[PDB]
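In: Compute the structure for the input listed below.
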Amino acid sequence: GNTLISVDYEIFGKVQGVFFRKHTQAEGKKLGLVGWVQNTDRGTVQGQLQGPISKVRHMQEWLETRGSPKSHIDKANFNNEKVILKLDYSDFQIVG
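Out: Numbering: from 1, shown residues only. Please see the structure below:
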């Protein structure tokens with residue numbers, strides 16, 4: 001059992017109408033992460049990532065430069081980066 005972290009994310013850019021949520025869920029699962037992703041009312045994509053630090057950090061880089069193939073990302077805001085006792089999530093859902 002490694003040090004587990006959680007981080008909140010919000011992604012600004014051409015991120016809706018580009019299958020962003022599907023590809024986020026897929027990549028999170030590929031990297032062994034749990035959490036969630038949704039569209040927000042301000043046109044951004046938002047969620048949390050939880051998992052081992054190297055895995056979360058990789059997904060953070062994904063969210064900074066890549067996302068779904070047709071998306072382009074202006075900014076990824078991260079906050080509430082915290083060490084956690086255990087995962088709060090058992091899967092990675094698209095929730096909104």
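In: Please count neighbours and contacts with C-alpha atoms only from this point.
Out: Noted.
In: now residue 23: how far from residue 2?
Out: Separation of residue 23 from residue 2 (Cα to Cα, to the nearest Å) stands at 26 Å.
In: Then residue 79?
Out: Taking Cα to Cα as the measure, residue 79 falls 21 Å from residue 2.
In: More neighbours: which of the two?
Out: Regarding residue 79 and residue 2, a neighbour count based on other Cα atoms under 10 Å identifies residue 79 as having more, with 12 against 7.
In: That one sits in which helix or strand?
Out: Taking DSSP states H and E as the definition, one finds residue 79 inside strand 72-84.
In: what's the helix or strand just after that strand in contact with?
Out: Past strand 72-84, further along toward the C-terminus, the next helix or strand under DSSP H and E is strand 92-94. With contacts defined as Cα atoms under 8 Å, 6 or more residues apart in numbering, strand 92-94 is touched by 21-22, 25, 28-29, 33-38.
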